[PDB]
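Student: Below you'll find input-v6.csv; it's CSV, C-alpha atoms and all ligand atoms.
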chain,number,residue,atom,x,y,z
A,1,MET,CA,-20.9,3.0,37.2
A,2,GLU,CA,-22.2,4.2,40.5
A,3,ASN,CA,-25.3,4.9,38.5
A,4,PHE,CA,-26.2,1.2,38.0
A,5,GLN,CA,-27.6,-1.5,40.3
A,6,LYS,CA,-26.8,-5.1,39.2
A,7,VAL,CA,-29.8,-7.3,39.2
A,8,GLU,CA,-28.6,-10.6,37.7
A,9,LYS,CA,-26.0,-12.1,35.4
A,10,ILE,CA,-27.3,-12.8,31.9
A,11,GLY,CA,-24.2,-13.7,29.9
A,12,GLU,CA,-20.5,-14.4,29.8
A,13,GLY,CA,-18.0,-14.4,26.9
A,14,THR,CA,-14.5,-13.4,26.5
A,15,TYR,CA,-15.7,-10.0,25.5
A,16,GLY,CA,-16.9,-9.5,29.1
A,17,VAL,CA,-19.7,-10.3,31.5
A,18,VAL,CA,-23.3,-9.0,31.0
A,19,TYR,CA,-25.8,-8.1,33.7
A,20,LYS,CA,-29.4,-7.1,33.7
A,21,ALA,CA,-29.1,-3.7,35.6
A,22,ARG,CA,-31.3,-0.8,36.8
A,23,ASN,CA,-30.3,2.8,36.4
A,24,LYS,CA,-30.1,3.9,40.0
A,25,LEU,CA,-30.8,7.3,38.7
A,26,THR,CA,-34.1,6.6,37.1
A,27,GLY,CA,-34.9,3.0,36.6
A,28,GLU,CA,-34.1,2.3,32.9
A,29,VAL,CA,-33.8,-1.5,33.0
A,30,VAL,CA,-30.8,-2.2,30.9
A,31,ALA,CA,-28.2,-4.8,29.9
A,32,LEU,CA,-24.8,-3.8,31.1
A,33,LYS,CA,-21.7,-5.3,29.4
A,34,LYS,CA,-18.4,-5.0,31.4
A,35,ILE,CA,-15.7,-5.2,28.7
A,36,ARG,CA,-12.3,-7.0,28.6
A,37,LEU,CA,-9.7,-4.9,30.7
A,44,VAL,CA,-8.9,0.5,26.5
A,45,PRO,CA,-7.0,1.4,23.3
A,46,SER,CA,-8.0,4.5,21.3
A,47,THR,CA,-9.0,2.4,18.3
A,48,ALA,CA,-11.6,0.4,20.3
A,49,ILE,CA,-13.2,3.5,21.6
A,50,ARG,CA,-13.7,5.0,18.1
A,51,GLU,CA,-15.1,1.7,16.5
A,52,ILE,CA,-17.5,1.3,19.4
A,53,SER,CA,-18.6,5.0,19.1
A,54,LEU,CA,-19.4,4.1,15.5
A,55,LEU,CA,-21.8,1.4,16.7
A,56,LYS,CA,-23.7,3.9,18.8
A,57,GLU,CA,-24.8,5.4,15.4
A,58,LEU,CA,-25.8,2.1,14.0
A,59,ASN,CA,-29.4,2.3,15.0
A,60,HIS,CA,-32.0,-0.1,13.5
A,61,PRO,CA,-35.2,-1.8,14.9
A,62,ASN,CA,-33.5,-5.2,14.5
A,63,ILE,CA,-30.2,-4.2,16.3
A,64,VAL,CA,-30.1,-4.1,20.0
A,65,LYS,CA,-29.8,-0.4,20.8
A,66,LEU,CA,-26.4,0.7,22.3
A,67,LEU,CA,-27.6,3.4,24.7
A,68,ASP,CA,-24.2,4.5,26.1
A,69,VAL,CA,-20.5,3.8,26.4
A,70,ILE,CA,-19.0,4.5,29.7
A,71,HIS,CA,-15.3,4.7,29.7
A,72,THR,CA,-13.8,5.7,33.0
A,73,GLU,CA,-10.7,4.2,34.7
A,74,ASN,CA,-9.4,1.9,31.9
A,75,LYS,CA,-12.4,-0.4,32.3
A,76,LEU,CA,-15.1,-0.2,29.6
A,77,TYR,CA,-18.9,-0.6,30.0
A,78,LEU,CA,-21.6,-0.8,27.3
A,79,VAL,CA,-25.2,0.0,28.2
A,80,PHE,CA,-27.8,-1.7,25.9
A,81,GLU,CA,-31.6,-1.7,25.8
A,82,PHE,CA,-32.6,-4.9,27.6
A,83,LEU,CA,-34.5,-7.7,26.0
A,84,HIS,CA,-35.9,-10.6,28.0
A,85,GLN,CA,-34.9,-13.7,26.1
A,86,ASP,CA,-32.5,-15.0,23.7
A,87,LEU,CA,-33.3,-17.2,20.7
A,88,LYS,CA,-31.6,-20.2,22.1
A,89,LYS,CA,-33.8,-20.4,25.2
A,90,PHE,CA,-36.9,-19.9,23.0
A,91,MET,CA,-35.7,-22.7,20.7
A,92,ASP,CA,-35.2,-25.0,23.7
A,93,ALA,CA,-38.6,-24.1,25.1
A,94,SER,CA,-40.2,-24.7,21.6
A,95,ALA,CA,-38.4,-28.0,21.0
A,96,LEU,CA,-41.2,-30.5,21.4
A,97,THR,CA,-43.5,-28.7,18.9
A,98,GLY,CA,-41.1,-26.5,16.9
A,99,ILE,CA,-41.2,-22.8,16.3
A,100,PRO,CA,-44.2,-22.4,13.8
A,101,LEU,CA,-43.0,-21.6,10.2
A,102,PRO,CA,-44.6,-18.2,10.0
A,103,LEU,CA,-42.6,-17.1,13.1
A,104,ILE,CA,-39.4,-18.6,11.8
A,105,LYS,CA,-39.9,-16.7,8.5
A,106,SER,CA,-40.7,-13.5,10.4
A,107,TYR,CA,-37.5,-13.8,12.5
A,108,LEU,CA,-35.5,-14.6,9.4
A,109,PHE,CA,-36.9,-11.6,7.4
A,110,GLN,CA,-36.2,-9.3,10.4
A,111,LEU,CA,-32.6,-10.5,10.8
A,112,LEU,CA,-32.0,-10.1,7.1
A,113,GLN,CA,-33.3,-6.5,7.4
A,114,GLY,CA,-30.9,-5.9,10.3
A,115,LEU,CA,-28.0,-7.4,8.3
A,116,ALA,CA,-28.9,-5.4,5.1
A,117,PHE,CA,-28.7,-2.3,7.2
A,118,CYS,CA,-25.4,-3.2,8.9
A,119,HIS,CA,-23.8,-4.5,5.7
A,120,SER,CA,-24.9,-1.3,3.8
A,121,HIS,CA,-22.8,0.6,6.4
A,122,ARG,CA,-19.8,-1.8,5.9
A,123,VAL,CA,-20.3,-3.3,9.4
A,124,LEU,CA,-20.1,-7.1,9.8
A,125,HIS,CA,-21.4,-9.0,12.8
A,126,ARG,CA,-18.9,-11.9,12.5
A,127,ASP,CA,-20.3,-14.0,15.3
A,128,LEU,CA,-24.0,-14.7,14.7
A,129,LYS,CA,-25.5,-17.4,16.9
A,130,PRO,CA,-28.8,-18.2,18.7
A,131,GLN,CA,-27.2,-16.8,21.9
A,132,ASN,CA,-26.8,-13.3,20.5
A,133,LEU,CA,-30.2,-13.0,18.9
A,134,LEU,CA,-32.7,-11.5,21.3
A,135,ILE,CA,-36.5,-11.5,21.3
A,136,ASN,CA,-39.4,-9.6,22.9
A,137,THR,CA,-43.1,-10.1,23.4
A,138,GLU,CA,-44.0,-8.0,20.4
A,139,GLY,CA,-42.5,-10.5,17.9
A,140,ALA,CA,-39.3,-8.6,17.3
A,141,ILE,CA,-35.9,-10.2,17.0
A,142,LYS,CA,-32.6,-8.3,17.3
A,143,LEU,CA,-28.9,-8.7,16.6
A,144,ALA,CA,-26.7,-8.3,19.6
A,145,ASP,CA,-23.0,-8.6,20.7
A,146,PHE,CA,-21.5,-7.4,17.5
A,147,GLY,CA,-18.3,-9.3,17.4
A,148,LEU,CA,-16.4,-6.1,17.0
A,149,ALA,CA,-13.1,-7.5,16.0
A,163,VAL,CA,-15.2,-22.4,24.7
A,164,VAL,CA,-15.8,-20.5,21.5
A,165,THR,CA,-18.7,-21.9,19.4
A,166,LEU,CA,-17.7,-22.8,15.8
A,167,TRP,CA,-21.1,-24.0,14.6
A,168,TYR,CA,-22.1,-20.9,12.7
A,169,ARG,CA,-18.7,-20.1,11.2
A,170,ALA,CA,-18.5,-19.6,7.4
A,171,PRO,CA,-16.1,-21.9,5.6
A,172,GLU,CA,-13.9,-19.0,4.3
A,173,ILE,CA,-13.1,-18.1,8.0
A,174,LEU,CA,-12.3,-21.7,8.8
A,175,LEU,CA,-10.0,-21.9,5.7
A,176,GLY,CA,-8.1,-18.9,6.8
A,177,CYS,CA,-9.4,-16.0,4.7
A,178,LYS,CA,-8.0,-12.8,6.4
A,179,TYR,CA,-10.3,-10.3,4.6
A,180,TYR,CA,-13.7,-11.9,4.7
A,181,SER,CA,-16.9,-10.2,3.7
A,182,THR,CA,-20.5,-9.6,4.8
A,183,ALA,CA,-21.3,-13.0,3.4
A,184,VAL,CA,-20.0,-14.6,6.6
A,185,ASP,CA,-23.1,-13.3,8.4
A,186,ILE,CA,-25.4,-14.7,5.7
A,187,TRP,CA,-23.8,-18.1,6.2
A,188,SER,CA,-24.3,-17.9,10.0
A,189,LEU,CA,-27.9,-16.9,9.6
A,190,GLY,CA,-28.5,-19.7,7.2
A,191,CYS,CA,-27.2,-22.2,9.8
A,192,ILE,CA,-29.6,-20.6,12.3
A,193,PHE,CA,-32.5,-20.8,9.9
A,194,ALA,CA,-31.9,-24.6,9.4
A,195,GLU,CA,-31.7,-25.0,13.2
A,196,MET,CA,-35.0,-23.3,13.8
A,197,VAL,CA,-36.7,-25.6,11.2
A,198,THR,CA,-35.2,-29.0,12.2
A,199,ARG,CA,-34.7,-28.2,15.9
A,200,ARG,CA,-31.1,-29.4,15.5
A,201,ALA,CA,-27.8,-27.7,14.9
A,202,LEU,CA,-26.9,-28.1,11.2
A,203,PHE,CA,-23.1,-28.3,11.7
A,204,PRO,CA,-22.2,-28.8,15.4
A,205,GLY,CA,-18.4,-29.1,15.2
A,206,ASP,CA,-16.3,-29.2,18.3
A,207,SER,CA,-13.0,-28.2,16.6
A,208,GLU,CA,-12.1,-26.3,13.5
A,209,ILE,CA,-11.4,-29.3,11.3
A,210,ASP,CA,-14.5,-31.1,12.7
A,211,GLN,CA,-16.5,-28.1,11.8
A,212,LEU,CA,-15.1,-27.9,8.3
A,213,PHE,CA,-15.5,-31.7,7.7
A,214,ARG,CA,-19.1,-31.6,9.0
A,215,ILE,CA,-19.7,-28.8,6.3
A,216,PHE,CA,-18.0,-30.9,3.7
A,217,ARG,CA,-19.9,-34.1,4.6
A,218,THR,CA,-23.2,-32.3,4.0
A,219,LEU,CA,-22.4,-29.7,1.2
A,220,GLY,CA,-19.6,-31.7,-0.6
A,221,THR,CA,-15.9,-31.0,-0.3
A,222,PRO,CA,-15.5,-27.7,-2.1
A,223,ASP,CA,-13.3,-27.6,-5.1
A,224,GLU,CA,-12.4,-25.1,-7.9
A,225,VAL,CA,-15.7,-25.9,-9.8
A,226,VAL,CA,-18.0,-24.6,-7.1
A,227,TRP,CA,-15.5,-22.2,-5.4
A,228,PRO,CA,-12.9,-20.7,-7.6
A,229,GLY,CA,-9.7,-20.0,-5.6
A,230,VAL,CA,-10.7,-22.4,-2.8
A,231,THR,CA,-7.6,-24.5,-3.4
A,232,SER,CA,-5.2,-21.6,-2.7
A,233,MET,CA,-6.7,-20.5,0.6
A,234,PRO,CA,-4.3,-20.5,3.5
A,235,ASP,CA,-5.6,-23.5,5.4
A,236,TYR,CA,-6.8,-25.5,2.4
A,237,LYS,CA,-5.2,-28.9,2.0
A,238,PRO,CA,-5.3,-31.1,-1.1
A,239,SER,CA,-5.4,-34.0,1.4
A,240,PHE,CA,-8.9,-33.0,2.5
A,241,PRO,CA,-11.3,-36.0,2.1
A,242,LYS,CA,-13.6,-35.7,-0.9
A,243,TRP,CA,-17.2,-36.1,0.2
A,244,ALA,CA,-20.1,-36.0,-2.2
A,245,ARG,CA,-22.8,-33.4,-1.6
A,246,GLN,CA,-26.1,-34.5,-0.1
A,247,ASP,CA,-29.4,-33.0,-1.3
A,248,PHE,CA,-31.2,-30.4,0.8
A,249,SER,CA,-34.3,-32.4,1.0
A,250,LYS,CA,-32.3,-34.6,3.4
A,251,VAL,CA,-30.8,-31.6,5.3
A,252,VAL,CA,-33.9,-29.6,6.3
A,253,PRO,CA,-37.1,-31.6,6.0
A,254,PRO,CA,-39.8,-30.7,5.9
A,255,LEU,CA,-39.0,-27.1,4.8
A,256,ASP,CA,-40.8,-26.3,1.6
A,257,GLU,CA,-39.2,-25.6,-1.7
A,258,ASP,CA,-38.9,-21.8,-1.4
A,259,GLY,CA,-37.2,-22.2,2.0
A,260,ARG,CA,-34.8,-24.8,0.7
A,261,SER,CA,-34.0,-22.6,-2.3
A,262,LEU,CA,-33.2,-19.6,-0.1
A,263,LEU,CA,-31.2,-21.7,2.4
A,264,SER,CA,-29.1,-23.2,-0.4
A,265,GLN,CA,-28.2,-19.7,-1.6
A,266,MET,CA,-27.3,-18.7,1.9
A,267,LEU,CA,-24.9,-21.6,2.2
A,268,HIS,CA,-23.2,-21.3,-1.2
A,269,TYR,CA,-19.5,-22.0,-0.6
A,270,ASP,CA,-18.2,-19.1,-2.8
A,271,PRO,CA,-18.8,-15.9,-0.7
A,272,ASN,CA,-19.2,-14.1,-4.0
A,273,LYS,CA,-22.1,-16.4,-5.1
A,274,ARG,CA,-23.7,-16.4,-1.6
A,275,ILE,CA,-26.9,-14.4,-1.6
A,276,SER,CA,-26.8,-10.9,0.0
A,277,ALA,CA,-29.1,-9.8,2.8
A,278,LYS,CA,-30.9,-7.4,0.4
A,279,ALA,CA,-31.4,-10.0,-2.3
A,280,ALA,CA,-32.6,-12.5,0.2
A,281,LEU,CA,-35.4,-10.1,1.3
A,282,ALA,CA,-36.8,-10.3,-2.3
A,283,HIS,CA,-36.8,-14.1,-2.3
A,284,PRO,CA,-40.2,-15.7,-3.1
A,285,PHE,CA,-40.0,-17.4,0.5
A,286,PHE,CA,-41.0,-14.0,1.9
A,287,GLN,CA,-44.0,-13.4,-0.4
A,288,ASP,CA,-46.4,-14.4,2.4
A,289,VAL,CA,-44.3,-13.1,5.4
A,290,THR,CA,-46.1,-11.9,8.4
A,291,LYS,CA,-45.2,-10.8,12.0
A,292,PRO,CA,-46.6,-13.4,14.5
A,293,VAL,CA,-46.2,-12.9,18.3
A,294,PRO,CA,-44.4,-15.7,20.1
A,295,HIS,CA,-45.9,-17.0,23.2
A,296,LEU,CA,-43.1,-16.2,25.7
A,297,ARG,CA,-42.9,-17.3,29.3
A,298,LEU,CA,-40.7,-14.9,31.2
B,1,LIG,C1,-23.5,-10.5,25.0
B,1,LIG,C2,-24.6,-9.4,25.2
B,1,LIG,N1,-24.4,-8.1,25.2
B,1,LIG,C3,-25.5,-7.5,25.4
B,1,LIG,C4,-26.5,-8.5,25.6
B,1,LIG,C5,-27.9,-8.2,25.8
B,1,LIG,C6,-28.5,-7.0,25.4
B,1,LIG,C7,-29.9,-6.9,25.7
B,1,LIG,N2,-30.5,-7.8,26.3
B,1,LIG,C8,-30.0,-8.9,26.7
B,1,LIG,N3,-30.8,-9.8,27.4
B,1,LIG,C9,-30.7,-11.1,27.8
B,1,LIG,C10,-29.6,-12.0,27.3
B,1,LIG,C11,-29.6,-13.3,27.8
B,1,LIG,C12,-30.6,-13.8,28.6
B,1,LIG,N4,-30.5,-15.2,29.0
B,1,LIG,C13,-29.3,-15.9,28.6
B,1,LIG,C14,-29.4,-17.4,28.9
B,1,LIG,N5,-29.8,-17.5,30.3
B,1,LIG,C15,-29.1,-18.3,31.1
B,1,LIG,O1,-29.5,-18.5,32.3
B,1,LIG,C16,-27.9,-19.0,30.7
B,1,LIG,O2,-27.4,-19.9,31.7
B,1,LIG,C17,-31.0,-16.8,30.8
B,1,LIG,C18,-30.8,-15.3,30.4
B,1,LIG,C19,-31.6,-13.0,29.0
B,1,LIG,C20,-31.6,-11.7,28.6
B,1,LIG,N6,-28.6,-9.2,26.5
B,1,LIG,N7,-25.9,-9.7,25.5
B,1,LIG,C21,-26.5,-11.0,25.6
B,1,LIG,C22,-26.4,-11.7,24.2
B,1,LIG,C23,-25.9,-11.9,26.7
Kindly return the structure encoded in the file as structure tokens.

Tutor:
Amino acid sequence: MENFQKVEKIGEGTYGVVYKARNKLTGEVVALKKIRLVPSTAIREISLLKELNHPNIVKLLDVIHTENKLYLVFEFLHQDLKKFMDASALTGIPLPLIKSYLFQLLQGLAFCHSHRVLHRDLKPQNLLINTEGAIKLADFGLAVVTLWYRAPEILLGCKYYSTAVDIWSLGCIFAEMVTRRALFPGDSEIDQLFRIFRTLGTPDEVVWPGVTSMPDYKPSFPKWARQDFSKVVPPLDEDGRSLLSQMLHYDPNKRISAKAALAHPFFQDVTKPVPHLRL
């Protein structure tokens, strides 16, 4: 760690704290994550991530493990998607750029999921962008906390959840890019669930076989009727609404995979625009 010079603080979680830093050595500018006070298991899983290289995953350059404390050195990107969404709020992110970002993140996920790696905690704050029009997944949740992008199976207590949880999260993010408003902004676990239920209908055995035997399922849940998607993400076009609805299917088994999503007609005219970024 003597090799790095802190420049500024760019993040905090209960993983750790992240700094923009400069290799004292030889000026790589990097993001430096100082991790949570390290068991053998953590080291090996993290070393597995160092091999998970893809253009749409923030590159893990190095793992420094000396003295019990753990540091992760990443390629630095200049902005997160949240700040870009906030900056773009009056006009909205143009659809071609939303679509490009969505396609790229689905490519990232397809790759991760093909290697049996789940993100688990997708949100605007851990999607990072650069001037070239790339978007990248960061802060792989390698297991106040935001619940807004949590899949319903997690909220209902599924222990052994699947790659579909990331598709759900990404769907919520897609909706948010389009409407410029969080789809399901819950501030507790039951509020989050009930916000989902109010929009998508209270799930039952018809749309989600086995839902009623999930650990935190309660028969006493209020029974809300589903709303139509034309109300939920106007003025998104039919292709986009079709894709979104498949990304938000209650049953993780019916939820569209990253790979199948890339073949959706919504991406027929996909391009790679450059965002105008003010750094
Ligand atoms: C967690 C984590 N692990 C590694 C990274 C990472 C990797 C590569 N590049 C970055 N760059 C960032 C991240 C965040 C920000 N902004 C966050 C929001 N912000 C604030 O001032 C918030 O108050 C401005 C900086 C700028 C560059 N991170 N991160 C990010 C998501 C904080």

Student: Could I get the residue neighbourhood of ligand LIG 1 (chain B) at 9 Å, counting all atoms listed in the file, as an MDAnalysis selection string?

Tutor: chainID A and resid 8:13 15:20 30:33 64:66 78:89 130:135 142:146

Student: Can you tell me, as a PyMOL selection string, what residues are no more than 10 Å from residue A:165 when counting only C-alpha atoms, ignoring any on the same chain fewer than 2 positions away?

Tutor: chain A and resi 127+129+163+167-169+204-208

Student: What is the atom CA of residue A:104 to atom CA of residue A:263 distance in Å?

Tutor: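 A separation of 12.9 Å between them.
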
Student: If you measure from atom CA of residue A:63 to atom CA of residue A:148, what distance in Å do you get, rounded to one decimal?

Tutor: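 Value for the atom CA of residue A:63-atom CA of residue A:148 distance: 13.9 Å.
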
Student: Using only C-alpha atoms, which of A:37, A:192, A:255, A:175 sits nearest residue A:212?

Tutor: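 Comparing A:37, A:192, A:255, A:175 against residue A:212, the winner is A:175.
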
Student: Return the single residue from A:101, A:267, A:69, A:177 that is closest to residue A:219, with distances computed using all atoms listed in the file.

Tutor: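 Counting all atoms listed in the file, the residue closest to residue A:219 is A:267.
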
Student: Report, in Å to a single decimal, how far apart atom CA of residue A:58 and atom CA of residue A:2 are.

Tutor: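 Calculated distance between atom CA of residue A:2 and atom CA of residue A:58 is 26.8 Å.
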
Student: For residue A:53, which of A:247, A:68, A:270, A:195 is the closest residue, counting only C-alpha atoms?

Tutor: A:68

Student: Please provide as a PyMOL selection string all residues within 10 Å of residue A:113, with the sequence filter that same-chain residues fewer than 4 positions apart are discarded (counting all atoms listed in the file).

Tutor: chain A and resi 60-63+107-109+117-119+277-278+280-281
